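Chain letters run A, B, ... following the sequence lines, proteins first and then strands; every chain starts at 1. Whatever order the structure lists them in is the order used to number ligands and atoms, beginning at 1. Below, each value reflects all heavy atoms present in this structure, side chains not excepted, and no hydrogens, waters or symmetry copies.
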4 protein chains.
Amino acid sequence: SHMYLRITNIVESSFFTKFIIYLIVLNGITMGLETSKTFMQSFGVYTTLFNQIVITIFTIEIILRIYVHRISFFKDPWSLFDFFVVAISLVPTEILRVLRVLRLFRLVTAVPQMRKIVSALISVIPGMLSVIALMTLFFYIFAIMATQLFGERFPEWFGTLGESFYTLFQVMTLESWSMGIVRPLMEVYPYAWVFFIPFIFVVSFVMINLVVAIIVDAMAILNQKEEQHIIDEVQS
Amino acid sequence: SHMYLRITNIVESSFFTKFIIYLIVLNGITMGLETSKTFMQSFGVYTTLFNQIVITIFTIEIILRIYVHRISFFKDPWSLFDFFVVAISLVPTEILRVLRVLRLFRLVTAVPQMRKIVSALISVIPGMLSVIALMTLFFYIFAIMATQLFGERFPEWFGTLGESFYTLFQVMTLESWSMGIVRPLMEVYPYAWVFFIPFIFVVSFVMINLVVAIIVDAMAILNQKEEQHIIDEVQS
Amino acid sequence: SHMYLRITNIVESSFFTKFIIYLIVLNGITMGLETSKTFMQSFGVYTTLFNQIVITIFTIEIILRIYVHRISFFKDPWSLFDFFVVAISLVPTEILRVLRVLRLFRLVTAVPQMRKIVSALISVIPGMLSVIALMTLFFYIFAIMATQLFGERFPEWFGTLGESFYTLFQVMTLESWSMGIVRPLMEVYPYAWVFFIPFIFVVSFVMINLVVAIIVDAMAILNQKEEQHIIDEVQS
Amino acid sequence: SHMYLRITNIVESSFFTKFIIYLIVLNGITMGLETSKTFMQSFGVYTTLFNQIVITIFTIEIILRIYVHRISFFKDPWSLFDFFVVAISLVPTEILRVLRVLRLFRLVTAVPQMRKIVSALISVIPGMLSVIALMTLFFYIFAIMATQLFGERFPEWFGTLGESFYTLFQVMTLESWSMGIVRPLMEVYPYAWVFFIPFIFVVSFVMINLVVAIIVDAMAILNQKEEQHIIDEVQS
Ligand SMILES: CCCCCCCCCCCCCC(=O)OC[C@H](COP(=O)(O)OCC[N+](C)(C)C)OC(=O)CCCCCCCCCCCCC
Ligand SMILES: CCCCCCCCCCCCCC(=O)OC[C@H](COP(=O)(O)OCC[N+](C)(C)C)OC(=O)CCCCCCCCCCCCC
Ligand SMILES: CCCCCCCCCCCCCC(=O)OC[C@H](COP(=O)(O)OCC[N+](C)(C)C)OC(=O)CCCCCCCCCCCCC
Ligand SMILES: CCCCCCCCCCCCCC(=O)OC[C@H](COP(=O)(O)OCC[N+](C)(C)C)OC(=O)CCCCCCCCCCCCC
């Protein structure tokens with residue numbers, strides 16, 4: 001258990017984390033530069049090796065962090081991320097070559113301020129799941145109806161449940177929903193608007209109400225906590 | 001009144017509701033699958049019967065639920081929905097064939113968490129009705145003016161009160177409002193912008209103010225309830 | 001002063017207001033119907049007279065309301081509106097023929113619930129004026145720069161301060177800002193994005209902050225009022 | 001130190017500030033007018049001199065304000081702005097000719113109400129910096145992936161990290177994201193949607209959560225301050 005503390009003091013040291021971050025930033029610049037064909041024609045060889053080096057150092061770092069953290073490591077979402085993303089970069093040189101750039105998100109996992117933002121942002125999601133489920137069901141149903149109503153005459157937009165899903169998502173963002181989709185549809189189906197206006201109403205109303213209910217239920221909790229605090233003093 | 005309790009204990013049983021939901025989910029998968037011509041060519045016959053079965057079971061379920069709930073059933077919005085949607089699926093094999101997929105919304109009526117979301121979301125609507133009335137009047141008036149101003153030269157977009165309504169709704173979502181509608185209009189009516197900018201201002205200002213007044217009047221009520229609670233202790 | 005009370009009791013009577021509203025709604029239907037060339041070919045003559053009648057009754061009503069309310073009438077925004085809108089409908093049979101439909105907004109002036117909505121919605125505006133002034137200055141400045149930078153090569157979108165104003169408003173609503181304006185601009189002015197991205201950032205940031213500051217300064221006032229209430233009891 | 005107070009009483013006088021503002025507004029009108037080729041053909045000479053005069057007066061004003069405020073001047077963001085913007089207008093008659101119009105923002109620096117708005121609006125930014133950093137990293141990463149995935153076949157939209165950045169910004173504003181970018185992409189890359197839908201989800205979710213967290217953390221502070229106030233009285 002000597003070498004253990006020895007490594008642990010490295011793995012936990014301020015310097016170690018700083019080094020890794022330094023590499024993250026270095027490699028991030030490198031991956032931008034590798035985007036230029038010009039740059040690659042001249043320095044591609046060097047950069048490719050720098051990637052291999054960084055990826056080796058990260059593998060080593062993951063290995064050390066597992067030895068130090070043991071099981072706790074795989075119960076830690078940030079370390080899992082670091083793990084999965086380094087592992088991707090390990091598969092021998094398709095889509096995976098491009099997914100190697102995901103290692104730059106380690107800058108989030110390695111910077112405490114970033115973690116906190118991401119954690120804060122993510123933390124709202126658990127309470128949204130049933131509204132998401134509801135909307136997903138809503139899309140599913142509409143997608144099925146839209147495939148049946150319009151897929152024969154408008155196969156690109158609705159020929160298939162998946163295409164209908166896609167188009168409905170496009171309608172929800174309001175992108176070209178009328179000039180691009182519903183007006184062409186109405187040239188064959190004069191009542192297409194009876195399908196898409198209500199669809200647009202639900203989806204936009206649900207989105208707004210989701211934002212409203214977050215703010216207001218938040219403040220209600222702030223109000224409750226305050227109330228208890230005030231009540232205690234009055235009680236006391 | 002024996003058979004009544006007998007049925008009631010079925011209709012109210014955990015298992016019964018679970019079965020029905022199980023069917024809802026089963027049939028939901030089925031209706032997705034029926035979307036593939038491939039899938040239908042092979043298994044269409046089986047699926048069509050599964051639909052008939054599910055629809056029979058649901059009819060039976062509605063009948064039992066009415067016998068058990070009696071009048072209370074038709075005073076219950078969820079049961080009415082379940083009723084209307086199963087009934088649609090009953091009309092003999094137009095639009096109605098597609099509206100059969102609406103039976104998948106029974107997953108909302110049958111899942112308590114879904115009910116609560118939908119109830120919460122719906123509950124804001126009663127207080128919005130006069131703002132909706134106001135906006136509807138606003139559209140109506142603008143639609144009439146737009147038909148008169150532009151319908152002769154731009155019949156597709158404004159030739160008819162209903163087309164003007166449609167286009168105005170499109171303008172409100174901001175979809176291609178300028179490149180698609182107002183710039184072409186301005187090639188004949190240089191002052192078309194004097195009609196649509198203000199229109200855009202009202203409608204977007206009303207939408208935002210509607211969201212603002214929901215949040216803030218909500219918190220004011222939270223503030224009032226808190227105040228009373230605090231005051232009582234101070235009074236006591 | 002007898003006939004005065006006599007008229008006043010009419011003008012103030014529940015029935016009188018109800019009659020006028022009844023006409024507003026009647027005439028509103030009529031103006032929709034007059035939108036159909038079919039309908040006009042058959043009943044245009046009758047409708048035209050019904051408009052004249054309604055407009056006469058409204059003139060009479062305004063006259064009575066002035067005699068009853070005297071000066072107070074012209075200090076009342078709703079009555080001024082009713083006045084200006086009936087007056088428009090008086091100018092002998094251009095744009096004015098279409099502005100006659102504005103008389104249907106009297107349904108707002110005559111329905112107390114509508115007044116309250118409109119008053120509530122309008123009431124936020126006084127505090128927005130300096131932000132509006134700021135943004136207007138912002139547009140003005142950008143419009144001038146955009147005219148100078150792009151008006152020679154892109155006259156339709158920027159050839160004139162007014163066209164630049166229009167296009168900038170379009171950019172603010174995000175309507176086709178890239179595919180329709182900035183990408184074409186960038187084919188001649190590769191750095192057009194340095195002008196429009198920041199412009200888009202300011203305008204969207206100002207809009208959001210305007211909404212945020214309304215909600216939060218509202219709640220701060222709600223908080224202050226509550227505080228005082230609670231403090232008094234504690235003081236007492 | 002006599003002439004110092006002499007000047008200081010000028011530079012600080014109500015009249016001086018009023019004069020400068022008067023010029024700002026005058027020159028603002030002038031710069032609008034200079035936008036018309038017609039207007040310039042007739043009065044361009046006069047206007048050009050009026051610009052030179054105003055710019056001289058402003059230079060003089062800056063010089064006096066520095067003599068009066070000394071070092072404090074260059075520690076003052078508003079004066080720095082006034083400085084930088086007048087200085088631009090000094091470079092001898094490219095882009096700089098157009099940037100001279102930026103001097104009209106001195107109306108903001110010189111009007112206390114405007115300052116306060118701008119200060120209020122700006123004040124939220126310090127707390128947003130890490131979320132901005134996060135998003136910027138997010139764009140950077142996506143931009144790199146999009147360049148690699150799509151730049152060869154779609155060079156205008158993704159051929160270069162900078163073009164990908166631009167397109168991704170366009171996608172974030174939702175402008176033609178589907179009809180204009182992703183549907184064309186999907187004709188070659190059927191799974192392009194797996195890249196852009198999630199991208200759209202993150203960016204819109206982060207934007208909304210940023211607004212939500214501003215409102216709610218604001219109210220939490222309002223709640224805390226109120227609590228302390230109430231607690232003191234109870235304590236007292
Ligand atoms: C607050 C409310 C937010 C909204 C909640 C969710 C709303 C629905 C989102 C739908 C997303 C759009 C899905 C989509 O684009 O289609 C994906 C596939 C279609 O696959 P495909 O057949 O390949 O067609 C793609 C187009 N094509 C033919 C030209 C290649 O079809 C599918 O299989 C996708 C089925 C839906 C899966 C995604 C829905 C659940 C994920 C929810 C995300 C929230 C997590 C934070
Ligand atoms: C918070 C504010 C939200 C906004 C409140 C409402 C704003 C106004 C919504 C207007 C909805 C758009 C209506 C529309 O698209 O036109 C429907 C018909 C026109 O029928 P049509 O003559 O068939 O023309 C359709 C286009 N065409 C010719 C190519 C087939 O013309 C009509 O007859 C429709 C008349 C209006 C009916 C809908 C307005 C009342 C429902 C409000 C929904 C709120 C409930 C939650
Ligand atoms: C919360 C922030 C909200 C934003 C605050 C205001 C932002 C700026 C709004 C600008 C509105 C757009 C103005 C516009 O479209 O151009 C109007 C004229 C141009 O006249 P024109 O030369 O006829 O060109 C029109 C296009 N054309 C050549 C094809 C016919 O050019 C002008 O003369 C208009 C000059 C601006 C006047 C409107 C700005 C002050 C009104 C603010 C409204 C708020 C009141 C609630
Ligand atoms: C609340 C979340 C808000 C979002 C936070 C930031 C999100 C990312 C914003 C990205 C802005 C878009 C940048 C952009 O359009 O590209 C600029 C250059 C590309 O240069 P370039 O190679 O010239 O290509 C331009 C297009 N072209 C080829 C046809 C001329 O590529 C670059 O070099 C730009 C690299 C990014 C710089 C801007 C990001 C940091 C500034 C954040 C602003 C917030 C301050 C309040």
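- What you find for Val101(C) and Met31(C) is that their closest heavy atoms are CA-CE, 3.7 Å.
- A donor-acceptor contact shorter than 3.5 Å links the side chain of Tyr140(D) to the backbone of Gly32(A).
- At a distance under 4.0 Å, a protein heavy atom can be found next to atom 22 (O) of ligand 3.
- Note: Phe105(C) and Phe81(C) have perpendicular aromatic rings, judged against thresholds of 30 and 60 degrees for the angle between ring planes.
- Distances from atom 28 (C) of ligand 2 to the heavy atoms of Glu163(B), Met172(B), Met128(B), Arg183(A) show the closest one on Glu163(B).
- The protein heavy-atom contact nearest to atom 9 (C) of ligand 3 is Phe201(B) CZ, 4.2 Å.
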Taking it one step at a time, do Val206(A) and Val203(A) satisfy side chain to side chain contact (heavy atoms under 4.5 Å, CB included)?
CA-CA 5 Å; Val206(A) 166; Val203(A) 149; 5.9 Å; no

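- Under a 4.0 Å criterion applied to the non-hydrogen atoms of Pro190(A), ligand 2 contributes the atoms 30 (C).
- Selection from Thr136(D), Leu161(D), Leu137(D) by nearest heavy atom to atom 6 (C) of ligand 4 gives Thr136(D).
- Considering all non-hydrogen atoms of both residues, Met172(B) and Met135(B) come closest at SD-CE, 3.9 Å.
- The ring pair (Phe, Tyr, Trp, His ring centres under 6.0 Å) test with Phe199(A) singles out one residue from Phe205(A), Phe138(A), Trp193(A), and that residue is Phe138(A).
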Test log, rule side-chain hydrogen bond (donor to acceptor under 3.5 Å, both in side chains), inputs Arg183(B) and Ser176(B):
CA-CA 10 Å; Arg183(B) 286 194 193 267; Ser176(B) 313; over 6 Å; no

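- Residue nearest to atom 20 (O) of ligand 2, selected from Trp193(A), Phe169(B), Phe165(B), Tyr166(B): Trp193(A) (by heavy-atom distance).
- Summary of contacts: the protein heavy atom closest to atom 11 (C) of ligand 2 is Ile197(A) CG2, 4.2 Å.
- Scanning the protein for heavy atoms near atom 5 (C) of ligand 3, the closest one is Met135(C) CB, 4.0 Å.
- Residue contact check: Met186(C) has heavy atoms under 4.0 Å from atoms 26 (C), 29 (C) of ligand 4.
- Comparing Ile208(C), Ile132(D), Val202(C), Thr167(D) by heavy-atom distance to atom 46 (C) of ligand 4, the nearest is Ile132(D).
- The aromatic rings of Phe150(A) and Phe195(A) sit perpendicular to each other, their planes meeting at more than 60°, with 30° as the lower class boundary.
- Of all protein heavy atoms, the one closest to atom 16 (O) of ligand 2 is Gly162(B) O, 3.7 Å.
- Protein heavy atoms all stay at least 4.0 Å away from atom 41 (C) of ligand 2.
- In this structure, atom 38 (C) of ligand 2 has no protein heavy-atom contact shorter than 4.0 Å.
- Distance screen at 4.0 Å: atom 33 (O) of ligand 2 has no protein heavy-atom neighbour inside the cut-off.
- The backbone N or O of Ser178(B) sits nowhere less than 3.5 Å from a side-chain atom of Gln170(C) that would complete a donor-acceptor pair.
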Run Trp177(C) and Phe169(D) through ring pair (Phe, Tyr, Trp, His ring centres under 6.0 Å) and show every step you take.
CA-CA 11 Å; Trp177(C) 73 265; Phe169(D) 180 72; 5.6 Å; yes

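- In this structure, atom 3 (C) of ligand 3 lies nearest to the protein heavy atom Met207(C) CE, 3.4 Å.
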